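Each remark here refers to the structure printed beneath this line.
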Amino acid sequence: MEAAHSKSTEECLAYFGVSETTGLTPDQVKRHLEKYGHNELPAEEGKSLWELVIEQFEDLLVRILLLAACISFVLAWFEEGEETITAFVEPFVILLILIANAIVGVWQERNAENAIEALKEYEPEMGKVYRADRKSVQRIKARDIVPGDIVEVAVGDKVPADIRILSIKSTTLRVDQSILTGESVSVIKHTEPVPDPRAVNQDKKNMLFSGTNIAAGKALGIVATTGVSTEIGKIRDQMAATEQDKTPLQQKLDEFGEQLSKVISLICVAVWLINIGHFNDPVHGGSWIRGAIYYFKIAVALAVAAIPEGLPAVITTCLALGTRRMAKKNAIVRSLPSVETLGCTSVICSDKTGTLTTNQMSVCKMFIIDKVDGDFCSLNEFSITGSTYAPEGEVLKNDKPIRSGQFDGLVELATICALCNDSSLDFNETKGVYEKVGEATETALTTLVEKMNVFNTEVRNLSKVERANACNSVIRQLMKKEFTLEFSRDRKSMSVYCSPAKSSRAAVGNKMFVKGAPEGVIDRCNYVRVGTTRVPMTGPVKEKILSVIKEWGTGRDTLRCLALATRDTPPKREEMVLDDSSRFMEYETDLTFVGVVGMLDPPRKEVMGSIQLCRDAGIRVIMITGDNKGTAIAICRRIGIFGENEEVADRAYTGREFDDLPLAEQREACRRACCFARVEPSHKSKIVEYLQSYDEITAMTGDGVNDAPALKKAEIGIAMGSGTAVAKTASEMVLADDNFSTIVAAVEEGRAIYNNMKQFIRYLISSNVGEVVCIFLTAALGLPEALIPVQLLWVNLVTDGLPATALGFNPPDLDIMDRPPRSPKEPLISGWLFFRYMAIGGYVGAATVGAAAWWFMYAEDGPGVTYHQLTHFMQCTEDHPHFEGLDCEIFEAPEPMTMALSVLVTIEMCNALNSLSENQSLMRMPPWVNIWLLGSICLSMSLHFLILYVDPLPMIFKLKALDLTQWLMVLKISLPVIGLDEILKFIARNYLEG
Ligand SMILES: C/C=C(\C)C(=O)O[C@H]1C(C)=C2[C@H]([C@@H]1OC(=O)CCCCCCC)[C@@](C)(OC(C)=O)C[C@H](O)[C@@]1(O)[C@H]2OC(=O)[C@@]1(C)O
Ligand SMILES: [K+]
Ligand SMILES: [Mg+2]
């Protein structure tokens with residue numbers, strides 16, 4: 001292994017002590033293989049059912065539930081073969097919930113897709129190498145490839161490992177690094193070394209990366225690194241090293257069951273001391289075996305009451321339609337839990353070109369020299385029409401229609417655009433729209449020359465298909481192009497060498513046509529061309545040139561500027577070496593500046609308003625772009641990220657600046673910054689780390705495999721629809737339209753869904769709380785069971801679930817996007833609210849136990865010990881003459897349980913309404929605001945009746961229908977809830993804070 005880009009061909013071959021002619025000997029293989037291991041990415045995490053299903057049963061809330069099942073199961077063996085056939089139903093029900101959720105968990109994981117695994121798709125199975133064994137090439141498993149090995153690659157092949165290119169057999173070698181950056185555009189490679197040791201991947205021109213495809217050509221290369229050491233391998237290591245916190249909610253629930261454990265144990269403690277007087281009891285032992293079962297059956301009934309069994313379902317269901325809901329809005333959410341974190345986002349960093357802008361290019365303005373006389377200097381500024389790539393536009397000076405042929409500056413400028421251009425234009429018949437063939441920026445040049453054909457070749461009659469390339473073709477005829485000097489970032493410009501084709505025009509010999517970044521290329525220009533004539537460059541002219549460039553790049557226009565020039569007297573073709581990019585800058589010198597072209601990558605119509613939403617929403621939006629700081633800042637002010645006159649000095653940074661900054665100042669810039677220009681690959685991961693240092697819930701956009709480590713780091717990684725498969729798998733959500741606004745829209749739902757979800761959760765928790773109290777009162781007083789576990793399940797699973805699900809449909813607040821992002825820390829229930837559900841819970845507690853008691857006594861249908869100690873009901877059979885002048889089996893009766901159950905159900909439908917809003921009275925906030933809630937409420941009651949009246953059910957449940965009169969008692973007991981809450985709902989939004 002090594003940093004082969006900086007090394008020479010000979011150095012690399014020397015390092016490994018390998019011959020380019022023969023390759024590695026079999027011995028060197030043995031040693032190399034042992035030392036460097038195999039050229040493969042590590043294995044998938046070993047998971048098994050037996051390991052999967054146990055994680056299902058390792059949450060506390062599932063363990064105590066499991067434990068409860070056994071007890072009931074055991075208790076149910078003690079049940080007389082006659083006393084109940086259905087004894088075994090109670091334990092089963094618990095288990096089949098635990099089995100059902102267990103089932104749910106596993107299916108989700110089987111489907112879940114790892115991001116690391118997506119990298120493997122880039123691993124080729126085969127590769128071709130040269131070794132000592134054979135003169136002829138051998139095709140082997142990429143896995144068996146070792147560093148220092150001689151490798152052969154050709155078109156179509158997927159690069160097996162990171163390779164230093166030794167020699168290129170083909171005339172030209174092109175590679176497709178789209179897997180990396182997302183760009184389909186091929187790139188030329190060279191043998192000559194890269195001087196910089198820290199050069200970023202993009203600048204390693206003498207390098208081949210594992211996973212990439214060869215666009216064109218054939219080459220021979222030495223293997224620098226393999227397996228984990230490759231660029232892709234390093235990226236895997238970053239992703240493997242990265243760890244993801246649990247959704248804030250998730251974190252809350254874990255502490256919930258955590259605390260719930262303590263509370264549960266505490267209840268038993270208290271329950272035990274309340275009945276401590278039992279030590280001052282007869283030692284006859286009579287009924288001792290009996291007391292245990294009762295306490296045990298109380299324990300299980302307690303567990304189910306404490307836990308909200310139905311909750312898991314209710315939540316996932318709500319998230320599922322919310323997900324489908326977002327899908328309609330072009331927002332694809334993978335993994336439901338992320339919906340919450342999606343509402344909490346405080347910072348969102350979005351790539352410019354892909355999302356924030358259309359990536360649809362067109363030339364708006366352009367200028368050429370008009371007159372250079374002494375200090376006096378004048379230029380010709382033009383304006384072009386048409387945002388589409390479609391050659392349907394007009395050139396106008398001072399808004400007045402112009403025939404381009406009139407100016408000789410334009411004729412030369414136009415030839416440059418067409419000749420120094422790789423991309424073309426194609427017309428598609430199916431969609432009926434003009435489409436770019438190659439690069440967006442280049443395509444708009446081919447587009448321009450059409451609108452301004454300086455030869456005015458007639459094409460109005462030409463078919464639309466033939467129209468697309470007409471005016472370009474004519475220019476391609478004029479000059480034969482010998483070769484081209486591709487773009488390199490050092491000089492930031494590209495050139496072409498052209499022999500004048502044909503005898504009629506065969507004059508002035510060969511010429512060079514260069515285009516690139518204004519600053520760079522203008523320094524090389526020693527002359528300026530006015531019309532046909534040419535004049536030596538002077539300060540004053542150069543200034544007037546650069547001035548308009550700044551105005552166009554930094555001004556309201558925010559145009560990307562290209563400087564077009566020609567080398568009138570290029571060097572002799574023979575003196576030129578075309579295999580080294582380093583010599584390119586010296587070829588492009590002594591140039592004659594013809595004119596510049598300004599083009600725009602227009603922001604999306606939806607963006608401006610979407611940015612404002614973030615201001616209103618408290619969300620900080622950070623832009624990532626490729627433009628130079630100057631214009632980048634300009635674009636920010638154009639979409640509202642910055643005020644036109646707002647100071648930005650400390651809020652805008654480039655990769656260079658950021659790197660120069662010390663760690664402290666770096667972290668500091670992150671909280672301030674809203675614009676990063678010319679960013680390096682590592683930064684995205686860094687920025688996220690920093691934003692997370694301030695506990696910011698951050699969103700990141702990525703398209704390629706390099707962005708992956710970042711998307712997996714950021715709280716919410718966002719990938720494009722056009723994005724690579726790997727980018728998608730690492731992200732939390734994918735933008736189908738790639739539109740930025742789609743991001744903002746998702747956050748709105750993220751907040752909206754969470755609010756309703758918050759309500760139905762408290763609603764379910766509250767019912768639990770109340771159920772625990774009843775059970776506890778039942779235990780402390782020694783009362784007979786008001787509620788049986790089986791019943792509770794039904795209530796928590798179904799009766800509570802439906803209104804809870806309906807609550808998920810609550811109409812959204814109007815100020816959702818006017819409030820700052822929710823604090824992940826903030827608890828669901830605290831302070832006053834906690835006290836509320838504390839009180840309410842108590843009410844339902846007393847209500848249920850009391851309703852069952854009111855039947856045992858003071859009831860016509862039931863024989864009552866009015867205000868007597870029915871409590872000692874354990875001792876009836878043995879102690880019946882004393883106080884028990886009646887049958888003792890009466891305590892088994894269902895009527896009291898149904899009475900107690902019924903009141904619960906009714907109270908719960910009420911409490912559901914009180915949950916329509918946290919602090920808003922129902923007259924202020926009717927129940928009819930949400931139709932579904934009322935609709936679901938009716939449903940739950942119907943079902944409640946069902947279990948009472950249909951033959952098989954009431955028996956199983958231990959319920960019997962109650963007289964109309966008995967029903968009324970329920971109402972007198974349950975309905976008062978709304979009043980209670982309304983009052984606690986009248987203290988807050990008035991006398992408390994708020
Ligand atoms: C039945 C449910 C049981 C036990 C149970 O939920 O127990 C407590 C508990 C985990 C919480 C408390 C409960 O306190 C009691 O109900 C005290 C009961 C005393 C009983 C007396 C027996 C002697 C909640 C529910 O209570 C109320 C309404 O505010 C509020 C809120 O959700 C939580 O504070 C929650 O823990 C958290 O992390 C929060 C932020 O979600
Ligand atoms: K994550
Ligand atoms: Mg990128």
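Naming scheme: A, B, ... for chains in displayed order of the structure tokens; residues 1 onward per chain; ligands 1 onward as shown.
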Environment of ligand 1 within 9 Å, counting only C-alpha atoms and all ligand atoms, reported as a ChimeraX atom specification: /A:252-264,266-271,302-303,305-308,761-762,765-773,776-777,826-842
Surrounding residues of residue 706 in chain A excluding itself and chain neighbours under 3 positions, 10 Å, only C-alpha atoms, as a PyMOL selection string: chain A and resi 179-182+231-232+234-236+681-682+684-685+702-703+709-711+726-727
Shell of 12 Å around residue 571 in chain A, only C-alpha atoms, local chain residues under 5 positions omitted, as a ChimeraX atom specification: /A:497-498,509-512,576-577,584,586-591
Write out as a Markdown table the residues of chain A that have any atom within 12 Å of an atom of ligand 2, one row each with the nearest atom pair and its distance in Å to one decimal, counting only C-alpha atoms and all ligand atoms, sorted by chain and then rising number.
```
| residue | atom | partner | partner_atom_place_in_ligand_line | distance |
| --- | --- | --- | --- | --- |
| A:115 | CA | ligand 2 | 1 (K) | 11.4 |
| A:239 | CA | ligand 2 | 1 (K) | 10.8 |
| A:242 | CA | ligand 2 | 1 (K) | 9.3 |
| A:243 | CA | ligand 2 | 1 (K) | 8.0 |
| A:244 | CA | ligand 2 | 1 (K) | 5.2 |
| A:245 | CA | ligand 2 | 1 (K) | 7.2 |
| A:246 | CA | ligand 2 | 1 (K) | 8.4 |
| A:247 | CA | ligand 2 | 1 (K) | 8.7 |
| A:248 | CA | ligand 2 | 1 (K) | 11.8 |
| A:334 | CA | ligand 2 | 1 (K) | 11.1 |
| A:335 | CA | ligand 2 | 1 (K) | 10.2 |
| A:337 | CA | ligand 2 | 1 (K) | 10.3 |
| A:338 | CA | ligand 2 | 1 (K) | 8.1 |
| A:339 | CA | ligand 2 | 1 (K) | 11.6 |
| A:341 | CA | ligand 2 | 1 (K) | 9.3 |
| A:342 | CA | ligand 2 | 1 (K) | 10.8 |
| A:688 | CA | ligand 2 | 1 (K) | 11.3 |
| A:692 | CA | ligand 2 | 1 (K) | 11.9 |
| A:697 | CA | ligand 2 | 1 (K) | 10.4 |
| A:698 | CA | ligand 2 | 1 (K) | 10.0 |
| A:699 | CA | ligand 2 | 1 (K) | 9.7 |
| A:700 | CA | ligand 2 | 1 (K) | 10.5 |
| A:708 | CA | ligand 2 | 1 (K) | 11.1 |
| A:709 | CA | ligand 2 | 1 (K) | 10.5 |
| A:710 | CA | ligand 2 | 1 (K) | 9.5 |
| A:711 | CA | ligand 2 | 1 (K) | 7.4 |
| A:712 | CA | ligand 2 | 1 (K) | 5.2 |
| A:713 | CA | ligand 2 | 1 (K) | 5.8 |
| A:714 | CA | ligand 2 | 1 (K) | 5.9 |
| A:715 | CA | ligand 2 | 1 (K) | 4.7 |
| A:716 | CA | ligand 2 | 1 (K) | 5.6 |
| A:717 | CA | ligand 2 | 1 (K) | 6.7 |
| A:718 | CA | ligand 2 | 1 (K) | 10.2 |
| A:729 | CA | ligand 2 | 1 (K) | 11.2 |
| A:730 | CA | ligand 2 | 1 (K) | 8.3 |
| A:731 | CA | ligand 2 | 1 (K) | 7.5 |
| A:732 | CA | ligand 2 | 1 (K) | 6.8 |
| A:733 | CA | ligand 2 | 1 (K) | 10.4 |
```
Store the residues picked out above in a file with N, CA, C and O atoms, as a short mmCIF file (atom, residue, chain, number, x, y, z; two decimals), in the first residue's frame.
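So out02.cif came out as:
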```cif
data_model
loop_
_atom_site.label_atom_id
_atom_site.label_comp_id
_atom_site.auth_asym_id
_atom_site.auth_seq_id
_atom_site.Cartn_x
_atom_site.Cartn_y
_atom_site.Cartn_z
N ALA A 115 -26.28 -0.22 4.70
CA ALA A 115 -25.62 0.68 3.76
C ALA A 115 -24.25 0.16 3.36
O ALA A 115 -23.82 0.31 2.22
N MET A 239 -18.12 4.54 8.01
CA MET A 239 -19.51 4.18 8.25
C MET A 239 -19.63 3.14 9.35
O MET A 239 -20.53 3.21 10.18
N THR A 242 -19.01 4.91 12.61
CA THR A 242 -20.09 5.82 12.98
C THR A 242 -21.15 5.08 13.79
O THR A 242 -21.44 3.91 13.52
N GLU A 243 -21.71 5.76 14.78
CA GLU A 243 -22.79 5.19 15.58
C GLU A 243 -23.99 6.14 15.63
O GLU A 243 -23.83 7.36 15.65
N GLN A 244 -25.19 5.56 15.65
CA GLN A 244 -26.41 6.35 15.62
C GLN A 244 -27.16 6.30 16.95
O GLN A 244 -27.55 5.23 17.41
N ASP A 245 -27.37 7.47 17.55
CA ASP A 245 -28.21 7.55 18.73
C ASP A 245 -29.62 7.12 18.37
O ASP A 245 -30.01 7.16 17.20
N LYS A 246 -30.39 6.69 19.36
CA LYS A 246 -31.78 6.32 19.16
C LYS A 246 -32.62 7.58 19.04
O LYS A 246 -32.32 8.59 19.68
N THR A 247 -33.66 7.53 18.21
CA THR A 247 -34.62 8.62 18.12
C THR A 247 -34.96 9.09 19.53
O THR A 247 -35.17 8.26 20.41
N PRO A 248 -35.00 10.41 19.74
CA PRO A 248 -35.31 10.94 21.07
C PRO A 248 -36.48 10.21 21.73
O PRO A 248 -36.36 9.81 22.88
N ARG A 334 -37.49 6.14 4.66
CA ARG A 334 -37.06 4.79 5.00
C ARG A 334 -36.78 4.72 6.50
O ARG A 334 -36.03 5.54 7.03
N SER A 335 -37.39 3.75 7.17
CA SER A 335 -37.42 3.66 8.63
C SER A 335 -38.38 4.70 9.21
O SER A 335 -38.21 5.90 9.01
N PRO A 337 -39.13 5.40 12.49
CA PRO A 337 -38.69 6.16 13.67
C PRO A 337 -38.14 7.56 13.34
O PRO A 337 -38.24 8.46 14.17
N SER A 338 -37.57 7.72 12.15
CA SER A 338 -36.95 8.98 11.75
C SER A 338 -37.94 10.12 11.55
O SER A 338 -37.54 11.28 11.45
N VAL A 339 -39.22 9.80 11.49
CA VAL A 339 -40.26 10.81 11.31
C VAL A 339 -40.21 11.86 12.41
O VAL A 339 -40.36 13.06 12.16
N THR A 341 -37.48 12.63 14.54
CA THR A 341 -36.23 13.38 14.39
C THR A 341 -36.35 14.35 13.23
O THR A 341 -35.64 15.36 13.17
N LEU A 342 -37.26 14.04 12.32
CA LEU A 342 -37.48 14.85 11.13
C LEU A 342 -38.21 16.15 11.47
O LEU A 342 -38.04 17.15 10.78
N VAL A 688 -21.11 18.11 10.44
CA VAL A 688 -22.10 17.38 11.21
C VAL A 688 -21.65 17.16 12.65
O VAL A 688 -22.38 17.48 13.58
N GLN A 692 -23.54 18.71 15.84
CA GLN A 692 -23.99 17.80 16.88
C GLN A 692 -23.38 18.16 18.23
O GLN A 692 -23.94 17.84 19.28
N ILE A 697 -29.98 19.09 15.82
CA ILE A 697 -30.49 18.00 15.00
C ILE A 697 -30.32 18.41 13.54
O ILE A 697 -31.08 19.23 13.03
N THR A 698 -29.32 17.84 12.89
CA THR A 698 -28.91 18.32 11.57
C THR A 698 -29.33 17.41 10.42
O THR A 698 -29.43 16.19 10.57
N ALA A 699 -29.59 18.03 9.27
CA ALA A 699 -29.90 17.30 8.05
C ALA A 699 -28.83 17.55 6.99
O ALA A 699 -28.35 18.68 6.83
N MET A 700 -28.46 16.50 6.27
CA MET A 700 -27.41 16.59 5.27
C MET A 700 -27.86 15.97 3.96
O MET A 700 -28.51 14.93 3.95
N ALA A 708 -21.74 9.40 1.75
CA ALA A 708 -22.33 8.36 2.59
C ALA A 708 -21.94 8.44 4.07
O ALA A 708 -22.81 8.44 4.94
N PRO A 709 -20.63 8.52 4.36
CA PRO A 709 -20.20 8.60 5.76
C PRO A 709 -20.86 9.76 6.48
O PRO A 709 -21.08 9.68 7.69
N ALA A 710 -21.18 10.83 5.75
CA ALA A 710 -21.84 12.00 6.33
C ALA A 710 -23.33 11.76 6.55
O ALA A 710 -23.85 12.02 7.63
N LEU A 711 -24.01 11.25 5.53
CA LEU A 711 -25.44 10.97 5.62
C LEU A 711 -25.75 10.03 6.77
O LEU A 711 -26.80 10.11 7.41
N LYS A 712 -24.81 9.12 7.05
CA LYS A 712 -25.01 8.16 8.12
C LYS A 712 -24.71 8.80 9.47
O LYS A 712 -25.14 8.31 10.52
N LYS A 713 -23.98 9.90 9.44
CA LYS A 713 -23.62 10.60 10.67
C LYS A 713 -24.70 11.58 11.07
O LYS A 713 -25.21 11.55 12.19
N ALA A 714 -25.04 12.47 10.14
CA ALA A 714 -26.08 13.47 10.36
C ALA A 714 -27.35 12.81 10.89
O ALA A 714 -27.70 11.71 10.47
N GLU A 715 -28.01 13.50 11.81
CA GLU A 715 -29.24 12.99 12.40
C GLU A 715 -30.20 12.50 11.33
O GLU A 715 -30.87 11.48 11.50
N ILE A 716 -30.26 13.22 10.22
CA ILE A 716 -31.11 12.83 9.11
C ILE A 716 -30.38 13.04 7.79
O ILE A 716 -30.28 14.16 7.30
N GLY A 717 -29.85 11.95 7.24
CA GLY A 717 -29.22 12.00 5.94
C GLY A 717 -30.26 12.04 4.84
O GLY A 717 -31.21 11.25 4.85
N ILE A 718 -30.10 12.96 3.91
CA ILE A 718 -31.04 13.10 2.80
C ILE A 718 -30.37 12.84 1.47
O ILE A 718 -29.38 13.48 1.12
N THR A 729 -29.26 4.23 0.51
CA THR A 729 -29.34 3.28 1.62
C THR A 729 -28.82 3.87 2.93
O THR A 729 -29.25 3.48 4.01
N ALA A 730 -27.89 4.81 2.83
CA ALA A 730 -27.28 5.43 4.01
C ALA A 730 -28.15 6.54 4.56
O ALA A 730 -28.05 6.90 5.74
N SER A 731 -29.00 7.10 3.71
CA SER A 731 -29.84 8.22 4.11
C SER A 731 -31.10 7.75 4.82
O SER A 731 -31.45 6.57 4.79
N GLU A 732 -31.77 8.70 5.46
CA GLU A 732 -33.00 8.44 6.20
C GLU A 732 -34.20 8.64 5.28
O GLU A 732 -35.23 7.98 5.43
N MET A 733 -34.05 9.55 4.32
CA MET A 733 -35.11 9.86 3.36
C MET A 733 -34.55 10.19 1.98
O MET A 733 -33.43 10.68 1.86
#
```
For range 438-450 of chain A: contacts at 9 Å, only C-alpha atoms, fewer than 2 positions along chain excluded, given as a PyMOL selection string: chain A and resi 185+359-363+384+388-393+414-415+417-418+421-425+435-436+452-454+467-472+597+599+601
Can you spit out the residues from that selection as a short mmCIF file (atom, residue, chain, number, x, y, z; two decimals), in the first residue's frame, using N, CA, C and O atoms?
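As a result, out_26.cif now contains:
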```cif
data_model
loop_
_atom_site.label_atom_id
_atom_site.label_comp_id
_atom_site.auth_asym_id
_atom_site.auth_seq_id
_atom_site.Cartn_x
_atom_site.Cartn_y
_atom_site.Cartn_z
N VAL A 185 -20.28 11.88 -16.07
CA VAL A 185 -19.20 12.36 -16.94
C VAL A 185 -17.89 11.60 -16.75
O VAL A 185 -17.41 11.45 -15.63
N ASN A 359 -30.52 23.11 -11.91
CA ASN A 359 -29.41 22.52 -12.65
C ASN A 359 -29.67 22.63 -14.14
O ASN A 359 -29.07 21.92 -14.95
N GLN A 360 -30.58 23.53 -14.50
CA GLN A 360 -30.89 23.84 -15.88
C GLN A 360 -30.16 25.12 -16.28
O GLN A 360 -30.49 26.19 -15.79
N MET A 361 -29.18 25.00 -17.16
CA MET A 361 -28.31 26.12 -17.48
C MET A 361 -28.69 26.85 -18.76
O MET A 361 -29.20 26.25 -19.71
N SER A 362 -28.44 28.15 -18.77
CA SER A 362 -28.63 28.97 -19.97
C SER A 362 -27.76 30.21 -19.87
O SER A 362 -27.47 30.68 -18.77
N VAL A 363 -27.35 30.74 -21.02
CA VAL A 363 -26.54 31.95 -21.04
C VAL A 363 -27.43 33.19 -21.10
O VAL A 363 -28.25 33.32 -22.00
N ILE A 384 -29.26 37.52 -23.65
CA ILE A 384 -29.84 36.41 -24.39
C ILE A 384 -31.12 35.93 -23.71
O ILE A 384 -31.26 36.04 -22.49
N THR A 388 -34.47 27.48 -21.19
CA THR A 388 -34.33 26.10 -21.65
C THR A 388 -33.07 25.93 -22.47
O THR A 388 -32.47 26.90 -22.94
N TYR A 389 -32.66 24.67 -22.64
CA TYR A 389 -31.56 24.34 -23.54
C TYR A 389 -32.02 24.51 -24.98
O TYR A 389 -31.21 24.46 -25.91
N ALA A 390 -33.32 24.71 -25.16
CA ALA A 390 -33.91 24.86 -26.49
C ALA A 390 -33.37 26.09 -27.23
O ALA A 390 -33.45 27.20 -26.72
N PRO A 391 -32.82 25.88 -28.44
CA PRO A 391 -32.38 26.98 -29.30
C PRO A 391 -33.53 27.87 -29.76
O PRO A 391 -33.79 27.97 -30.96
N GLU A 392 -34.22 28.50 -28.81
CA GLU A 392 -35.29 29.43 -29.13
C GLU A 392 -35.08 30.71 -28.33
O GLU A 392 -35.67 30.89 -27.26
N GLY A 393 -34.23 31.58 -28.84
CA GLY A 393 -33.87 32.80 -28.13
C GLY A 393 -33.48 33.94 -29.04
O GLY A 393 -33.53 33.81 -30.26
N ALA A 414 -18.30 32.75 -30.70
CA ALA A 414 -19.23 31.67 -30.98
C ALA A 414 -18.51 30.39 -31.41
O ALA A 414 -18.89 29.29 -31.02
N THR A 415 -17.48 30.55 -32.24
CA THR A 415 -16.68 29.41 -32.67
C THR A 415 -16.05 28.71 -31.46
O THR A 415 -16.06 27.49 -31.37
N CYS A 417 -17.16 28.62 -28.32
CA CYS A 417 -18.19 27.92 -27.54
C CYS A 417 -18.52 26.56 -28.13
O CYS A 417 -18.74 25.60 -27.40
N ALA A 418 -18.56 26.49 -29.45
CA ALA A 418 -18.94 25.26 -30.14
C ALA A 418 -17.77 24.29 -30.26
O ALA A 418 -17.92 23.09 -30.08
N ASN A 421 -16.05 22.64 -26.97
CA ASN A 421 -17.16 22.03 -26.26
C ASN A 421 -17.30 20.54 -26.57
O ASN A 421 -17.36 20.14 -27.73
N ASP A 422 -17.33 19.72 -25.52
CA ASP A 422 -17.48 18.27 -25.66
C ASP A 422 -18.95 17.85 -25.74
O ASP A 422 -19.30 16.94 -26.49
N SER A 423 -19.79 18.51 -24.96
CA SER A 423 -21.22 18.18 -24.89
C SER A 423 -21.99 18.62 -26.13
O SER A 423 -21.59 19.55 -26.83
N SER A 424 -23.11 17.95 -26.39
CA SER A 424 -23.95 18.30 -27.53
C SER A 424 -25.42 18.44 -27.13
O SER A 424 -25.76 18.41 -25.95
N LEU A 425 -26.28 18.59 -28.13
CA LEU A 425 -27.71 18.71 -27.88
C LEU A 425 -28.48 17.65 -28.66
O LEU A 425 -28.21 17.42 -29.84
N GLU A 435 -33.01 18.17 -24.92
CA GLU A 435 -32.29 17.57 -23.81
C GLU A 435 -30.78 17.72 -23.97
O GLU A 435 -30.24 17.61 -25.07
N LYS A 436 -30.10 17.97 -22.86
CA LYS A 436 -28.65 18.09 -22.88
C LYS A 436 -28.01 16.72 -23.03
O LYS A 436 -28.44 15.77 -22.38
N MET A 452 -27.69 32.46 -31.61
CA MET A 452 -26.93 33.59 -32.11
C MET A 452 -26.11 33.28 -33.36
O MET A 452 -25.13 33.96 -33.65
N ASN A 453 -26.51 32.25 -34.11
CA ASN A 453 -25.72 31.81 -35.26
C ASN A 453 -25.16 33.00 -36.05
O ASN A 453 -25.88 33.71 -36.73
N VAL A 454 -23.85 33.21 -35.93
CA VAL A 454 -23.23 34.39 -36.51
C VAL A 454 -23.17 34.32 -38.03
O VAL A 454 -22.85 35.30 -38.71
N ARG A 467 -32.54 20.68 -36.00
CA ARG A 467 -32.34 22.05 -35.52
C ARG A 467 -31.36 22.09 -34.36
O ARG A 467 -30.56 23.01 -34.23
N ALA A 468 -31.44 21.07 -33.51
CA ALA A 468 -30.67 21.00 -32.28
C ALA A 468 -29.17 21.25 -32.45
O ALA A 468 -28.54 21.83 -31.56
N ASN A 469 -28.60 20.82 -33.57
CA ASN A 469 -27.16 20.93 -33.77
C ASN A 469 -26.73 21.67 -35.05
O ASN A 469 -25.55 21.66 -35.40
N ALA A 470 -27.68 22.30 -35.72
CA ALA A 470 -27.40 22.96 -36.99
C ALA A 470 -26.22 23.94 -36.95
O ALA A 470 -25.19 23.71 -37.57
N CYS A 471 -26.38 25.04 -36.21
CA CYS A 471 -25.39 26.11 -36.19
C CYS A 471 -24.04 25.68 -35.63
O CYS A 471 -23.01 26.31 -35.90
N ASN A 472 -24.05 24.61 -34.84
CA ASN A 472 -22.82 24.04 -34.31
C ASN A 472 -22.06 23.29 -35.39
O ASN A 472 -20.87 23.51 -35.61
N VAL A 597 -18.66 34.88 -21.14
CA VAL A 597 -20.05 34.47 -21.19
C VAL A 597 -20.58 34.18 -19.80
O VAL A 597 -19.98 33.42 -19.04
N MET A 599 -23.67 32.76 -17.44
CA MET A 599 -24.80 31.85 -17.49
C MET A 599 -25.38 31.64 -16.09
O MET A 599 -24.69 31.84 -15.10
N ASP A 601 -27.64 29.25 -13.24
CA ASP A 601 -28.28 28.05 -12.72
C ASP A 601 -29.38 28.51 -11.78
O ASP A 601 -29.15 28.72 -10.59
#
```
Residue set, range 334-493 of chain A restricted to strand (DSSP E or B), as a ChimeraX atom specification: /A:347-351,357,362-373,376-384,395-397,400-401,425-428,433-436,479-488,493
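Taking only C-alpha atoms, the non-local environment of range 802-808 of chain A within 8 Å (same-chain residues fewer than 2 positions away omitted) comprises residues 314, 315, 317, 318, 753, 756, 757, 759, 760, 761, 763, 764, 798, 799, 800, 810, 909, 912, 915, 916, 932, 933, 936, 937, 939 and 940 of chain A.
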